[PDB]
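Colleague: This one is an experimental structure. Sequence first:
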Amino acid sequence: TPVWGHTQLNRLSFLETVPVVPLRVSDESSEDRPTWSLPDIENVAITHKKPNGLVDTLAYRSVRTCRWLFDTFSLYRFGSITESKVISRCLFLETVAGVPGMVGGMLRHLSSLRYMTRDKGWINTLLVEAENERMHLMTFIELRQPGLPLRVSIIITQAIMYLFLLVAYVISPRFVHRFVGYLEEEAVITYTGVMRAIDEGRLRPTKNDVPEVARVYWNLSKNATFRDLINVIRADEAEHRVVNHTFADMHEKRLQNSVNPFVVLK
Amino acid sequence: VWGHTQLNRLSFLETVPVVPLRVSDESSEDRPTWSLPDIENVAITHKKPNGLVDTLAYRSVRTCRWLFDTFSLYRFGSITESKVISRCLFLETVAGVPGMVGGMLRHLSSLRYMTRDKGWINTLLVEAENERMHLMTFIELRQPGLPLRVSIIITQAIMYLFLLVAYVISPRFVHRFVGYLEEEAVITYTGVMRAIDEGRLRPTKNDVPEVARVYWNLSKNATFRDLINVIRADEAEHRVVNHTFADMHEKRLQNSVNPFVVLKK
Ligand SMILES: C/C(=C\Cc1c(O)c(Cl)c(C)c(C=O)c1O)CC/C=C(\C)[C@H](C)O
Ligand SMILES: C/C(=C\Cc1c(O)c(Cl)c(C)c(C=O)c1O)CC/C=C(\C)[C@H](C)O
Ligand SMILES: [Fe+3]
Ligand SMILES: [Fe+3]
Ligand SMILES: [Fe+3]
Ligand SMILES: [Fe+3]
Ligand SMILES: [O-]
Ligand SMILES: [O-]
């Protein structure tokens, strides 16, 4: 269908159409949407992959070290579970889950560009992750819109974590791939916790008007609940878990410059 | 069957030796869909410098071109096919950079500020994947020397850092610079097409590479000329797209909706 041809290609600008384009939520993201079956991802589960040497271990300790600081500073520990404290958590953390796949994608892109070699499907995997995690932010910001302290600390988090991820990937992209491996091992835990807690009525959900952004992106029928939204977000993290653990492994074996195994499922 | 059982496995390393190399996976699934006789009337345009920033973006490129052409010897002697491919190989390394840094910075901005991005990221990201496909194509038709492989490495560094600070200081200027660059590219890519029609240039690569034939949806009959003709249209999509995006900045419209994402749907 698209009416994009040479009369449009010889234009100077389309600045003028800008005021008459609708803001339909589906545009927020590309069409590489994830498609999960609620009854199948329902049985997603908590795994843990053994660290192989020093770098796998450094990686695993840092994620533990961070889970522990975060969990304590943020008071997630004592008090009952709450809607408020779940989404506030997911909101802040989702800002930093978006970074990794954009540094890997972006650097593997640049490498492809300077030794003029073929990437074999790695770049388009990482950037859909980055995107897919950015859409995790976009959903929770429909649910809780935070205030000035939490926002200022999100900005300093990105400054710090952009710098670490960036310079970690240049020196050991296995490290960073291992690190998201384990990062997501914790993401999966935290979310099955939230579903379990709904199922045992300890956190019975108030936000069931699932946002339009999330309905389009996960193709969810109108009658979907917070628990159904959460699960799918948890299913996404199990994928990333396997992808960054498969990617780390591949490096360990010196298979960086080999086909991205997840291209086949497509 | 991509479900829990696959998501609950730890690693898919054992699958690497059983997955085959396919040209269709070297990019995403967002491919140019051109029809040759339509895109034969792409054309050289020039946007008016609207103000001090544009004038600076334009005068940078014009000097980059003058310098590069006297230093590369483009104009010295006759057009040859080695001289065209040499050049476009060099330059198409540089060209993949801008969309990526742009795409990245905007991604980053939606995360820290928690704001809709409204279609820019992807367009700016497939824009980088496109230029890299041009590049993967040109690596098939020539494999450059050691001298040039070094010249290409160091030039990434200067250019990467340049756009990094440029896009943080002023995205208006970058998009314009990019818009202007892609005027010049269409000029070159028409000089070439015209050189073929005249017989001043007789390509020998009128076997077009596999990567390119499924990236662009061409036939095994299509030639060098036809390849230069789908690429040129890519360079004119980035010409408009980018001059529009930079008009959106000049007007404080850089957080409205990217208009092209309707111009598809
Ligand atoms: C391992 C951690 C939390 C588990 C966890 C979650 O519980 C959730 Cl809910 C998500 C989304 C993720 C996403 O990765 C996630 O990693 C602590 C990470 C702390 C930092 C990175 C510091 C503050 O910079
Ligand atoms: C020669 C130049 C421009 C013409 C031109 C072309 O002739 C071509 Cl063939 C293309 C593809 C493009 C793509 O954008 C292109 O811009 C100068 C480019 C900049 C440098 C060399 C240094 C890094 O600053
Ligand atoms: Fe994650
Ligand atoms: Fe996430
Ligand atoms: Fe190009
Ligand atoms: Fe270009
Ligand atoms: O996440
Ligand atoms: O280019």
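Modeller: Looks like it came in fine. Numbers count the residues shown, from 1 in each chain, chains lettered A, B, ... in the order given. Ligands and ions are numbered 1, 2, ... in the order given.

Colleague: is whatever helix or strand residue A:159 lives in anywhere near chain B?
Modeller: Using DSSP states H and E, residue A:159 maps to helix A:148-171. Yes: contact of helix A:148-171 with chain B (C-beta under 8 Å from any C-beta of the partner chain) involves A:151, A:154, A:155, A:158, A:162. Where you see a C-beta, it was placed from the backbone N, CA and C, and this is true even at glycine.

Colleague: and the stretch 151-266 of chain A, which residues reach ligand 7?
Modeller: With C-beta under 6 Å from any ligand atom as the criterion, the stretch 151-266 of chain A comes near ligand 7 at residues A:187, A:237.

Colleague: Would you point out which residue of the stretch 151-266 of chain A is nearest ligand 2?
Modeller: residue A:170 (22.3 Å; C-beta to the nearest ligand atom).

Colleague: From residue A:88, how far off is residue A:236?
Modeller: Between residue A:236 and residue A:88 the distance is 20 Å, computed by C-beta to C-beta, to the nearest Å.

Colleague: For residue A:52, state which of the residues of helix A:148-171 next to chain B is nearest.
Modeller: Ranked by distance to residue A:52 (C-beta to C-beta), the residues of helix A:148-171 next to chain B are led by residue A:162 at 27.4 Å.

Colleague: How many residues are close by that closest one?
Modeller: By other C-beta atoms under 10 Å in any protein chain shown, the residues close to residue A:162 number 18.

Colleague: Nearest spatial neighbour of it, chain-adjacent residues omitted?
Modeller: The shortest distance from residue A:162 to any non-neighbouring residue, by C-beta to C-beta, 6 or more residues apart in numbering or on different chains, is to residue A:99 (6.0 Å).

Colleague: right, and the one you found touches residue A:160 too?
Modeller: No: under the criterion of C-beta atoms under 8 Å, residue A:99 makes no contact with residue A:160, lying 10.3 Å away.

Colleague: the more surrounded of these two?
Modeller: residue A:99 (25 against 11).

Colleague: Contacts only, for that one.
Modeller: A:130, A:158, A:161, A:162, A:165, B:108, B:111 (C-beta atoms under 8 Å, 6 or more residues apart in numbering or on different chains).

Colleague: and the gap between it and ligand 3?
Modeller: 10 Å (C-beta to the ion, to the nearest Å).

Colleague: just to revisit the earlier point, quick check on the residue nearest to residue A:162: phi, psi?
Modeller: phi -80, psi -50 (degrees, to the nearest 10).

Colleague: In the stretch 51-200 of chain A, what residue comes closest to ligand 6?
Modeller: Nearest residue of the stretch 51-200 of chain A to ligand 6: residue A:113, at 12.8 Å (C-beta to the ion).

Colleague: Just list the residues touching that residue, thanks.
Modeller: So residue A:113 contacts B:93, B:96, B:97, B:132, B:135, B:156 (C-beta under 8 Å, 6+ apart).

Colleague: Dump those residues into CSV; add distance to ligand 1 as well.
Modeller: Below are the contacts of residue A:113 laid out as CSV (distance: C-beta to the nearest ligand atom, whole Å):
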residue, distance to ligand 1
B:93, 34
B:96, 29
B:97, 29
B:132, 29
B:135, 34
B:156, 30
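
Colleague: The residue nearest the centre of chain A sits in which helix or strand?
Modeller: The centroid of chain A falls nearest to residue A:133 when counting by C-alpha atoms, centre = their mean (2.7 Å). Assigned by DSSP H and E, residue A:133 belongs to helix A:123-143.

Colleague: now check that helix, is it near chain B?
Modeller: Yes: contact of helix A:123-143 with chain B (C-beta under 8 Å from any C-beta) involves A:123, A:124, A:127, A:130, A:131, A:134, A:137, A:138, A:141.

Colleague: Tell me the residues on the stretch 151-266 of chain A that lie near ligand 3, please.
Modeller: With C-beta under 5 Å from the ion as the criterion, the stretch 151-266 of chain A meets ligand 3 at residues A:187, A:237.

Colleague: Tell me how many other residues crowd residue A:54.
Modeller: 8.

Colleague: can you give me phi and psi for it?
Modeller: The phi/psi pair for residue A:54 (degrees, to the nearest 10) is phi -70, psi -50.

Colleague: ok, the residue nearest to residue A:162 to ligand 2 distance?
Modeller: 28 Å (C-beta to the nearest ligand atom, to the nearest Å).
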